[PDB]
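Everything on this sheet refers to the single structure shown next.
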Amino acid sequence: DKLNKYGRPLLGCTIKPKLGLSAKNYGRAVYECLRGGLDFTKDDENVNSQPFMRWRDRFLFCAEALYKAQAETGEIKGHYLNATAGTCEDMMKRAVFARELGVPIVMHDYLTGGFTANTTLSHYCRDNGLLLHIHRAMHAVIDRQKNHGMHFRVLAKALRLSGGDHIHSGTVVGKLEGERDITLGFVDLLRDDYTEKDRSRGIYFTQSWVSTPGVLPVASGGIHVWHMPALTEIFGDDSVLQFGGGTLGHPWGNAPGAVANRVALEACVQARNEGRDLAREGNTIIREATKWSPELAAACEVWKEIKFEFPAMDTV
Amino acid sequence: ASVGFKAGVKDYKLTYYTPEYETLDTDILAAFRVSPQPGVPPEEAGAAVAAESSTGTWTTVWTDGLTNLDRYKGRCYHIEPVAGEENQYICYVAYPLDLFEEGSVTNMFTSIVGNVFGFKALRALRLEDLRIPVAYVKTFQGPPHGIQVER
Amino acid sequence: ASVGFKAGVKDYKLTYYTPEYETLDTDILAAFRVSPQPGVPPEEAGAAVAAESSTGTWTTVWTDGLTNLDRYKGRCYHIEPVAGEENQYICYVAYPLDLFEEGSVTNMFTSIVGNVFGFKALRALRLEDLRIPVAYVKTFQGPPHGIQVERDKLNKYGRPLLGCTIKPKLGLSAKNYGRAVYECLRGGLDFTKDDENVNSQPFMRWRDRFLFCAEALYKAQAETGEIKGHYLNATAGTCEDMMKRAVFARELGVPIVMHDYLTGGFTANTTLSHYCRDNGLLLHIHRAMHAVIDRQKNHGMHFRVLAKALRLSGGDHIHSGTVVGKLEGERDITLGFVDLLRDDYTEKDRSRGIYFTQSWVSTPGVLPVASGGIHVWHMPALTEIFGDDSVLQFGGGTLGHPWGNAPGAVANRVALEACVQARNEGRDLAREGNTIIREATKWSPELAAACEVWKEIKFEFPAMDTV
Amino acid sequence: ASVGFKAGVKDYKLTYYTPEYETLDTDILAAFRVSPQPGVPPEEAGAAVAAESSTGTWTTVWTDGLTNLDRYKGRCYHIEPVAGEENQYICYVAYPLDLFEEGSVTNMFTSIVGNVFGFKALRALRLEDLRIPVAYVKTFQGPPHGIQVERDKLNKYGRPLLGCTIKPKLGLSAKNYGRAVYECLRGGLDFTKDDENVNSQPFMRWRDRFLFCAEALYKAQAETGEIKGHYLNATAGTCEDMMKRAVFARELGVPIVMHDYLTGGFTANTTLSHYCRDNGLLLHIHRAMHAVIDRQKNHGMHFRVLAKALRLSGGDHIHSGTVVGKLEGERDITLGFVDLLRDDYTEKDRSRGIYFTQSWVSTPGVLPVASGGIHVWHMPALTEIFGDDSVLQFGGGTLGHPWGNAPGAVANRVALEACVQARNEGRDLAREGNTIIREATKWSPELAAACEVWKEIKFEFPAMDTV
Amino acid sequence: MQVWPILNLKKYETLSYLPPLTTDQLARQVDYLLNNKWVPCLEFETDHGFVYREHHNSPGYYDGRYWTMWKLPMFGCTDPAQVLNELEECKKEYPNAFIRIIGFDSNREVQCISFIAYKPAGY
Amino acid sequence: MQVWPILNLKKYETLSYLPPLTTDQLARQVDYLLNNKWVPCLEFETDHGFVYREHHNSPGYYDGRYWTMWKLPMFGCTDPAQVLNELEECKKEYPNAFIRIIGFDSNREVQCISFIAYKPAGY
Ligand SMILES: O=P(O)(O)OC[C@@H](O)[C@H](O)C(O)(O)COP(=O)(O)O
Ligand SMILES: O=P(O)(O)OC[C@@H](O)[C@H](O)C(O)(O)COP(=O)(O)O
Ligand SMILES: O=P(O)(O)OC[C@@H](O)[C@H](O)C(O)(O)COP(=O)(O)O
């Protein structure tokens, strides 16, 4: 309602390389991705404040860039500014400048930052109208193995309670672990008001949320244009699909890279809405679009053969 | 000098396995116990850990050319097989001082331990130790008092 | 093990002259030029400097036994006689990292330079250089922004930055100050500035000045299309007043403030530097009062030490001399500390007066500012000695132009772009300096008139401070 | 009436050498010892100093016409050659009251001492004295309390105050610092103090030190029945940290804090002085780093100028040398600035280096502190040179006593009361000095042992700074 | 290597990056809307076709998000012709307006569909 | 005594106070750029040729500093003809834009060169 976005997943992009870019260069890469059709760009999880780029210079240049892309396209844009920091005091300082710039969204690494600091930021965001994107950095240190640890569904429930508007939830088909059924299981626990017990998906108890709002799941990590039909099919409209290498790795640069992802997605949404089966006609839909989108076409060439298939460690 | 940009995915080992590297006294060093999936060789497994925990991603991006990646990249500089175990190695990774925010244990962990433990290409991963350089230690307050003062 | 305590005074050399010591990478090292009194030997003179600047006193105290002095004592580890001088040596002293408070340039100086220069047993003493260990460098914020960020914010690349000090120093009213500012800025200069002694005085109060200068700078910016700035002086009598001025500059939205770090002090300067980092303000630093400390070769502290101290405490610009202008500054020694201010690593090089290799672990660089008695004919030398990363300031050189400020600014902006184009084309600024300027006078009536006025002005005298 | 504007450089003497000028009672007057380069005449050298330290620059600017320069310009009004020196003069400069910001020692120095010492045309330059007009003196708070109020609060009258610096300078832990403090205080010393470089360091953090020293001082006070104090050092890296430390001292209820005014800075010092006035804290001032500026007779600023600046900015005590100890300080020149620090009016007197008559319009006096290499045998000389209104400090002289701190303190307290009684009885401390001390050793085993240890220690070397 | 255009490239959210919708395609989206049992509604705007910030700059505030309602939501509508019919009537009354079709999910009270159906010339 | 003009005197940073660059002069700056091993890149702007403040007024914030990128930085380029070639292609596609050539020093990550290479008529 605030962003005025309905009817399709939201598209985002992580600026790369993770660390090393200067503040003016970060903003340049942000403006180019946004003007091509992506809804959001974001700081990578480890970009806080470092010798190569201090936070306040980054926030400032990214605001200029996001406002420029918004004026050019006519669509509301956002750039997640990372507020993760070493002390509660520093975290609040960063959130406060984001509020002063008038940007719509901030970001926090809830597990490395901590639940105590996350609850403070969540309350601040509610009080100041800021959307909060959550990263699960460090989760696989706890949830990967099937015999010891805590499963991600427990950490996802804990976040919906503490607070966050988005939460990374895996891609299933990308570079990091995530089985389809178990994933669909906790995606339901994150978005719905009631989920019934269902051991086939690893849900041991029936859970009710008494109208606690739902969290938007974010698929990010090693995904590209050919994965678009699978992603739209597994997650549906209520998700944010992020392409870092998948945008900044396009042969023609960021703007064309963004157009590629935005065209691939609207093609799948139109096809699905028309009745086509994304699971079976996935590649046909993408291939058809390459006929009128030179931008999509070039991206298809680059990643045609990239797949990530290995046995999973965490299974029902 | 700005070698060209060529889109496409390439092995992490080409940029992140650097067995000849001499560690600097300002580097944060890490000892990971890596268990690769069948078919993924130690060097690539280690290079992949060093890559995603510092500056790289899954495919070549043009922006690498706007900086000097050689000075920011984390790098797997030594691999030693684990005695008595099959397909398990201790990979050593060095991270340059400029990658960390001063005084923030939260930032140190977000890079070194943020996403690598969930790679599809690894079966298990364990961080055994970290060498925190004295130049980074000084950016922290440390204990509010410590043993002597407390007694 | 606790050797006994025996009251009484003993030679400092017994505990503080340690020629076999290997310095640690965490040690702060110091190079002192010592001139002992007759009858006091180098080793004792050096040991006495190392002693009183760290842990010892004039007679044996029993408390030394409650600690491990071996780990805290400063120590004279090397002495080298000065060539051509009689009874003058360079004594090197190492101070362990545990002796300094993190992030406090004030504490570093209180130990190393606190009392030793007044010992009855020395005739003169001079601190020439300090090797600040990277472990200590990280406890400082450093410049609020630095060269890269500053160029990025102002959108200025490829040439030195041009500025101008309004004159007369004191005496102008606030509306007149703003009038002179608007005219200089619209002519092509990037910055105008309060002179170092313009704070708040009966003739012009600070808030009226800040306000009128903001109107003037915004007018020149709208007219030219280039980002402009005017350094507003925040130097004041108390920390409270200094912050008040910085806060109004932030409220006006201007890009740069200024501080006199030595007359204001390191404690107040570090506070402003942190404030500037937190509020996006560029900080210009003046070295007013430095020559009272660094002019003479036999006693004092060299400017390179005061330049290092500023890069740590914090500043985005720092006055560094002109070499060719009205105030002292030798070329080689100047190029030496200009490197220590801008680069990340500078190797030991006695020909330039750099006694120790210094690393900065990415602490941003400071932009050197050449100001003081320079004019259009000096432009090629200035562009050649300093390069693109510098700010060249012309006070009398702009307000002294026969046609006024705007034409005065055009003169300096045209002379500089002419040198940048020539250099970029391959020409040798050292040899073709005057030809380049003379050629420009053919199509710039503004430059032409300035050339006529200052053709014969040079400042050449023997230097007091030489390698 | 607006004579025309003519670009070009002209001699400074045409506008700034004004030998006929009669100084106004509101003028700040300065006495500079100028050494010109060969070929530069006194009048021009002096005019150039007066010019750049007030309103002028190196070439004619048109803006001078927008004001009345005659009323703002500083001016060299008198030149007197230095006897026995060749090419050295004392140039007197007068600066109008409107050039200074009220209450800002930082601004006074930025003008008078900002850039002139670095002119290529001068070889050396030294500021010897300043006549601060009573109209400018009233814009300052001055000492937070001053001599009278301090004696009244501590209930101490009739003798100098005794203090002691804990040693080793750095390296002791917080509990050990407090242990050494309690022992010195219970023996009869009025104060103990942090050494100037003890701020907050890995070996001992400030808050732990303040806390343990409070327990120790309160214990010694309960044992003896005399008010005790321990100077807690508030010197720090930022104004914020400095205030934090002052605030905890206020919370503990202790009577005195300390600041290094030159390494901390005048801006930070004025803030602390105001805070101390508002919260009842006595402020002790250290002159760490002064000899880097005031040692040599040909270049720098004399200590009397830095002493005047402190009485204005604010401090209740200020280190002033010992004359007879380990650091430089001639008797006559010392007695000269000690008078400028304590009295309400001091008349011109070149034999003591006082160039101008100075009035203080009731600004309270500052207590001079003699510290540095002194011991029991120096007691008669110290009581004779300084008188009752002074603080005599013995660091090594207390912690170096063979029996420990308490007996070390008794030694100094007995030696001093012996001199006070003798003086009060009519005896001549200069002639009977050693007899008085020797007589006391007959009934004070504590004094006796100290006498044995330091009988032969004297510090006698030629002085660098003489009238 | 093609350079993505800068001028006259305003976009309109969902589906505006695809080639223009033929009338069959349009009809198909309305069918999708009705098949899911969402309520259709049309909105039009003549003055501010794009988001802007005139009255506030705090996070989440933008002007230009609300357009004006054409008639009322078509509760109980089941025939896509009815919807396409209104589109024509609105177009003829407001040929100078941008018009869009939205669909409400009353259960979640979220718009599950929103796409531009007509644009004035020049756009 | 000449009075410095007030109207139509917008400037464009480095080199804009000198007489217009002939094509030889232009080529020479590109050579300087390449000889120093910096990466060239072109940027163009049609709407806001000059800095302005619309979205914020805090210190250091200005709108209009970012222009749009023409293609990609020319990494590994060594022939000035290649650069001048792109200039021509950009000019013909955006005759109405201001276009500038910049050069990156990847080591310091600072632009060591930046100058206007083409201006629309009227300017
Ligand atoms: O989403 P999670 O599973 O938490 O994993 C985290 C990843 O999403 C991570 O943020 C990334 O940086 O590696 C994605 O980059 P890219 O888009 O270039 O792949
Ligand atoms: O730069 P430093 O050596 O600190 O010296 C300081 C000078 O730069 C000083 O600020 C000035 O006012 O005299 C310059 O004026 P002008 O431009 O008219 O010469
Ligand atoms: O007083 P100044 O001339 O400023 O000089 C400073 C000295 O007083 C200094 O504080 C001291 O530590 O060396 C005194 O110690 P000790 O009492 O053991 O000699």
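Chain labels run A, B, ... following the order of the structure tokens; each chain numbers its residues from 1, and ligands are numbered from 1 in the order shown.
Considering only region 74-148 of chain B, backbone DSSP assigns strand (DSSP E) to residues 75, 76, 77, 78, 79, 80, 81, 89, 90, 91, 92, 93, 94, 95, 122, 123, 124, 125, 126, 127, 128, 129, 130 and 131 of chain B.
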Create the file for the chosen residues now, containing C-alpha atoms and written as a PDB file, in the first residue's frame.
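Once everything was written out, this is out-v4.pdb:
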```pdb
ATOM      1  CA  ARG B  75      41.970 -15.466   0.114  1.00  0.00           C
ATOM      2  CA  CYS B  76      42.474 -19.146   0.790  1.00  0.00           C
ATOM      3  CA  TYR B  77      46.204 -19.347   1.262  1.00  0.00           C
ATOM      4  CA  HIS B  78      46.759 -22.822   2.640  1.00  0.00           C
ATOM      5  CA  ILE B  79      44.959 -26.150   2.779  1.00  0.00           C
ATOM      6  CA  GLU B  80      45.867 -29.027   5.016  1.00  0.00           C
ATOM      7  CA  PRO B  81      44.098 -32.404   4.955  1.00  0.00           C
ATOM      8  CA  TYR B  89      40.468 -30.276   5.181  1.00  0.00           C
ATOM      9  CA  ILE B  90      41.482 -27.276   7.267  1.00  0.00           C
ATOM     10  CA  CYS B  91      41.479 -24.299   4.869  1.00  0.00           C
ATOM     11  CA  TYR B  92      43.142 -21.100   6.095  1.00  0.00           C
ATOM     12  CA  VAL B  93      41.659 -17.790   4.905  1.00  0.00           C
ATOM     13  CA  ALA B  94      43.138 -14.294   5.312  1.00  0.00           C
ATOM     14  CA  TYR B  95      40.942 -11.181   5.321  1.00  0.00           C
ATOM     15  CA  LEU B 122      29.748 -28.041   1.061  1.00  0.00           C
ATOM     16  CA  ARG B 123      28.471 -30.814   3.375  1.00  0.00           C
ATOM     17  CA  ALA B 124      29.551 -29.232   6.621  1.00  0.00           C
ATOM     18  CA  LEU B 125      31.769 -26.321   7.673  1.00  0.00           C
ATOM     19  CA  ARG B 126      33.264 -25.369  11.054  1.00  0.00           C
ATOM     20  CA  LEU B 127      35.184 -22.259  12.114  1.00  0.00           C
ATOM     21  CA  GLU B 128      37.903 -23.407  14.498  1.00  0.00           C
ATOM     22  CA  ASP B 129      39.873 -20.280  15.218  1.00  0.00           C
ATOM     23  CA  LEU B 130      40.529 -16.640  14.267  1.00  0.00           C
ATOM     24  CA  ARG B 131      43.773 -14.679  14.582  1.00  0.00           C
TER      25      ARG B 131
END
```
Enumerate as an NGL selection string the residues belonging to chain F that approach chain C to within 9 Å, with only C-alpha atoms taken into account. :F and (1-4 or 6-19 or 25 or 28-29 or 31-33 or 49-52 or 57-62 or 65 or 102 or 108-115)
Distance criterion (only C-alpha atoms and all ligand atoms): nearest to ligand 1 out of A:281, A:179, A:274, A:193: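 Ranked by minimum distance to ligand 1, first place goes to A:179.
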I want to know what sits within 6 Å of region 2-17 of chain D, based on only C-alpha atoms, with residues of the same chain fewer than 5 positions away left out; could you give that as a ChimeraX atom specification? /C:400,402,453 /D:44,47-48,59-60,62,75-76
Need the shell around residue 92 (chain A): protein/DNA/RNA residues with any atom at most 12 Å away, counting only C-alpha atoms. Skip same-chain ones fewer than 2 positions apart. Format as a list in words?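 Close residues of residue 92 (chain A): residues 82, 83, 84, 85, 86, 87, 88, 89, 90, 94, 95, 96, 97, 98, 99, 106, 107, 108, 117, 118, 119, 120, 121, 122, 123, 124 and 125 of chain A.
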Could you dump the residues just selected with C-alpha atoms as a compact mmCIF listing (two decimals), in the first residue's frame?
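This went into part-v8.txt:
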```txt
# COMPACT_ATOMS: atom_id res chain seq x y z
CA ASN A 82 22.10 -1.06 6.52
CA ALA A 83 21.74 0.02 10.13
CA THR A 84 23.56 -3.02 11.59
CA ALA A 85 26.26 -1.73 13.89
CA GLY A 86 28.35 -2.42 16.90
CA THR A 87 26.27 -0.82 19.64
CA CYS A 88 22.58 0.02 20.02
CA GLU A 89 23.62 3.65 19.94
CA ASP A 90 25.30 3.44 16.58
CA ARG A 94 21.96 5.24 11.26
CA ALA A 95 18.23 4.66 11.45
CA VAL A 96 17.74 8.31 12.41
CA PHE A 97 19.64 9.62 9.34
CA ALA A 98 17.57 7.30 7.09
CA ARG A 99 14.47 8.88 8.59
CA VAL A 106 16.34 0.20 6.34
CA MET A 107 17.93 -3.21 6.95
CA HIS A 108 19.28 -5.22 9.90
CA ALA A 117 18.94 -4.86 19.19
CA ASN A 118 16.49 -6.08 16.53
CA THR A 119 13.42 -5.53 18.71
CA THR A 120 14.59 -1.94 19.41
CA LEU A 121 14.94 -1.18 15.67
CA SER A 122 11.62 -2.82 14.84
CA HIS A 123 9.84 -0.62 17.36
CA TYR A 124 11.65 2.43 16.00
CA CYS A 125 10.61 1.51 12.47
```
Got a sec to tell me which of region 342-413 of chain C DSSP assigns to alpha helix (DSSP H), as a PyMOL selection string? chain C and resi 342+379-386+396-399+405-413
So which residues are near ligand 2, meaning at most 8 Å away with only C-alpha atoms and all ligand atoms counted, given back as an mmCIF file with N, CA, C and O atoms, in the first residue's frame?
```cif
data_model
loop_
_atom_site.group_PDB
_atom_site.id
_atom_site.type_symbol
_atom_site.label_atom_id
_atom_site.label_comp_id
_atom_site.auth_asym_id
_atom_site.auth_seq_id
_atom_site.Cartn_x
_atom_site.Cartn_y
_atom_site.Cartn_z
ATOM 1 N N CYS C 164 40.076 31.682 -2.015
ATOM 2 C CA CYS C 164 40.502 33.069 -1.839
ATOM 3 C C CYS C 164 40.156 33.605 -0.469
ATOM 4 O O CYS C 164 39.035 33.439 -0.052
ATOM 5 N N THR C 165 41.085 34.246 0.233
ATOM 6 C CA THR C 165 40.829 34.796 1.563
ATOM 7 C C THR C 165 40.369 36.244 1.448
ATOM 8 O O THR C 165 41.054 37.053 0.857
ATOM 9 N N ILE C 166 39.229 36.590 2.034
ATOM 10 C CA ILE C 166 38.699 37.949 1.953
ATOM 11 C C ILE C 166 39.610 38.885 2.735
ATOM 12 O O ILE C 166 40.133 38.500 3.778
ATOM 13 N N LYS C 167 39.804 40.108 2.238
ATOM 14 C CA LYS C 167 40.692 41.090 2.878
ATOM 15 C C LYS C 167 39.987 42.429 2.948
ATOM 16 O O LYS C 167 39.118 42.691 2.125
ATOM 17 N N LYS C 169 42.044 41.580 6.570
ATOM 18 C CA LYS C 169 41.811 40.522 7.539
ATOM 19 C C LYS C 169 40.643 40.809 8.458
ATOM 20 O O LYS C 169 39.667 40.052 8.499
ATOM 21 N N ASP C 195 39.288 34.812 7.146
ATOM 22 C CA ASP C 195 40.715 34.750 7.400
ATOM 23 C C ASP C 195 40.792 34.063 8.754
ATOM 24 O O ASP C 195 39.824 34.073 9.481
ATOM 25 N N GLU C 196 41.953 33.551 9.143
ATOM 26 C CA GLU C 196 42.052 32.816 10.396
ATOM 27 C C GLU C 196 41.665 33.520 11.659
ATOM 28 O O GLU C 196 41.298 32.861 12.624
ATOM 29 N N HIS C 286 43.650 25.477 9.747
ATOM 30 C CA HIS C 286 44.671 26.520 9.680
ATOM 31 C C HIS C 286 45.737 26.200 10.679
ATOM 32 O O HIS C 286 45.442 25.819 11.795
ATOM 33 N N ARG C 287 46.981 26.476 10.342
ATOM 34 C CA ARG C 287 48.057 26.175 11.269
ATOM 35 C C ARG C 287 48.581 27.410 11.983
ATOM 36 O O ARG C 287 49.725 27.455 12.378
ATOM 37 N N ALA C 288 47.721 28.396 12.182
ATOM 38 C CA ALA C 288 48.085 29.613 12.865
ATOM 39 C C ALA C 288 48.880 29.255 14.094
ATOM 40 O O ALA C 288 48.494 28.359 14.820
ATOM 41 N N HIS C 290 51.969 27.987 14.065
ATOM 42 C CA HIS C 290 52.935 26.918 13.889
ATOM 43 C C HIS C 290 54.373 27.388 13.829
ATOM 44 O O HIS C 290 55.246 26.728 14.382
ATOM 45 N N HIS C 319 46.766 23.801 5.840
ATOM 46 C CA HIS C 319 47.700 24.707 5.199
ATOM 47 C C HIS C 319 49.071 24.060 5.218
ATOM 48 O O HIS C 319 49.503 23.555 6.249
ATOM 49 N N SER C 320 49.776 24.060 4.097
ATOM 50 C CA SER C 320 51.067 23.408 4.081
ATOM 51 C C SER C 320 52.194 24.237 3.503
ATOM 52 O O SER C 320 53.265 23.705 3.257
ATOM 53 N N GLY C 321 51.950 25.521 3.255
ATOM 54 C CA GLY C 321 52.982 26.384 2.710
ATOM 55 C C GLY C 321 52.905 26.495 1.208
ATOM 56 O O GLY C 321 52.153 25.765 0.568
ATOM 57 N N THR C 322 53.691 27.407 0.640
ATOM 58 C CA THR C 322 53.702 27.614 -0.806
ATOM 59 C C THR C 322 55.070 27.370 -1.437
ATOM 60 O O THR C 322 55.158 27.186 -2.646
ATOM 61 N N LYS C 326 55.334 34.217 0.367
ATOM 62 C CA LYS C 326 55.887 35.077 1.408
ATOM 63 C C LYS C 326 56.318 34.439 2.717
ATOM 64 O O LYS C 326 56.997 35.095 3.517
ATOM 65 N N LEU C 327 55.979 33.169 2.937
ATOM 66 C CA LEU C 327 56.311 32.504 4.202
ATOM 67 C C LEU C 327 57.230 31.325 3.950
ATOM 68 O O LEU C 327 57.125 30.652 2.915
ATOM 69 N N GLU C 328 58.089 31.029 4.920
ATOM 70 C CA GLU C 328 59.050 29.954 4.744
ATOM 71 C C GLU C 328 58.499 28.579 4.380
ATOM 72 O O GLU C 328 57.406 28.195 4.833
ATOM 73 N N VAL C 369 46.980 22.785 1.425
ATOM 74 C CA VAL C 369 46.557 24.097 0.928
ATOM 75 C C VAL C 369 47.733 25.070 0.820
ATOM 76 O O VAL C 369 48.361 25.406 1.822
ATOM 77 N N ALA C 370 48.023 25.526 -0.391
ATOM 78 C CA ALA C 370 49.113 26.457 -0.615
ATOM 79 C C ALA C 370 48.500 27.839 -0.535
ATOM 80 O O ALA C 370 47.629 28.154 -1.332
ATOM 81 N N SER C 371 48.947 28.675 0.395
ATOM 82 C CA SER C 371 48.366 30.002 0.534
ATOM 83 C C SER C 371 49.369 30.950 1.131
ATOM 84 O O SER C 371 50.122 30.551 2.001
ATOM 85 N N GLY C 372 49.417 32.185 0.640
ATOM 86 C CA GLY C 372 50.339 33.149 1.206
ATOM 87 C C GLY C 372 51.291 33.886 0.279
ATOM 88 O O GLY C 372 52.444 33.499 0.129
ATOM 89 N N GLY C 373 50.848 34.976 -0.318
ATOM 90 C CA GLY C 373 51.740 35.724 -1.174
ATOM 91 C C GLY C 373 51.947 35.159 -2.551
ATOM 92 O O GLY C 373 52.924 35.490 -3.196
ATOM 93 N N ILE C 374 51.012 34.373 -3.050
ATOM 94 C CA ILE C 374 51.167 33.808 -4.386
ATOM 95 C C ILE C 374 50.300 34.540 -5.401
ATOM 96 O O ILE C 374 49.296 35.129 -5.032
ATOM 97 N N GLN C 393 45.277 28.950 -2.746
ATOM 98 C CA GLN C 393 44.530 30.135 -2.313
ATOM 99 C C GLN C 393 45.194 31.470 -2.582
ATOM 100 O O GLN C 393 46.363 31.680 -2.269
ATOM 101 N N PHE C 394 44.408 32.401 -3.100
ATOM 102 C CA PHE C 394 44.906 33.705 -3.462
ATOM 103 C C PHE C 394 44.072 34.792 -2.830
ATOM 104 O O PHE C 394 43.024 35.119 -3.340
ATOM 105 N N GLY C 395 44.530 35.351 -1.721
ATOM 106 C CA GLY C 395 43.804 36.430 -1.068
ATOM 107 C C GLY C 395 44.127 37.769 -1.703
ATOM 108 O O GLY C 395 43.314 38.336 -2.433
ATOM 109 N N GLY C 396 45.330 38.272 -1.458
ATOM 110 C CA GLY C 396 45.722 39.523 -2.073
ATOM 111 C C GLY C 396 45.718 39.341 -3.581
ATOM 112 O O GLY C 396 45.391 40.268 -4.318
ATOM 113 N N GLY C 397 46.022 38.125 -4.034
ATOM 114 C CA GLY C 397 46.062 37.815 -5.457
ATOM 115 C C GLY C 397 44.738 37.844 -6.199
ATOM 116 O O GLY C 397 44.698 37.606 -7.415
ATOM 117 N N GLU D 52 50.589 41.863 8.958
ATOM 118 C CA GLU D 52 49.992 40.540 8.830
ATOM 119 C C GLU D 52 49.315 40.039 10.113
ATOM 120 O O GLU D 52 48.586 39.034 10.083
ATOM 121 N N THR D 57 47.729 42.656 3.856
ATOM 122 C CA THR D 57 48.285 41.520 3.137
ATOM 123 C C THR D 57 49.478 41.973 2.276
ATOM 124 O O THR D 57 49.940 43.118 2.411
ATOM 125 N N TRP D 58 50.002 41.085 1.436
ATOM 126 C CA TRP D 58 51.185 41.390 0.632
ATOM 127 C C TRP D 58 51.049 42.341 -0.553
ATOM 128 O O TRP D 58 52.067 42.730 -1.107
ATOM 129 N N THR D 59 49.835 42.687 -0.975
ATOM 130 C CA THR D 59 49.643 43.587 -2.114
ATOM 131 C C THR D 59 48.406 44.427 -1.836
ATOM 132 O O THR D 59 47.572 44.024 -1.029
ATOM 133 N N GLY D 114 49.765 34.403 14.938
ATOM 134 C CA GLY D 114 49.356 33.491 13.905
ATOM 135 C C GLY D 114 50.273 33.174 12.764
ATOM 136 O O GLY D 114 50.534 32.010 12.526
ATOM 137 N N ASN D 115 50.738 34.177 12.039
ATOM 138 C CA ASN D 115 51.588 33.925 10.896
ATOM 139 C C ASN D 115 52.924 34.617 10.830
ATOM 140 O O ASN D 115 53.791 34.163 10.097
ATOM 141 N N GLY D 118 56.715 33.216 10.681
ATOM 142 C CA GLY D 118 57.197 32.428 9.560
ATOM 143 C C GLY D 118 57.553 33.218 8.323
ATOM 144 O O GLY D 118 57.820 32.629 7.286
#
```
Pick out the closest residue to chain C from this set: D:439, D:64, D:86, D:384. Count only C-alpha atoms. D:64
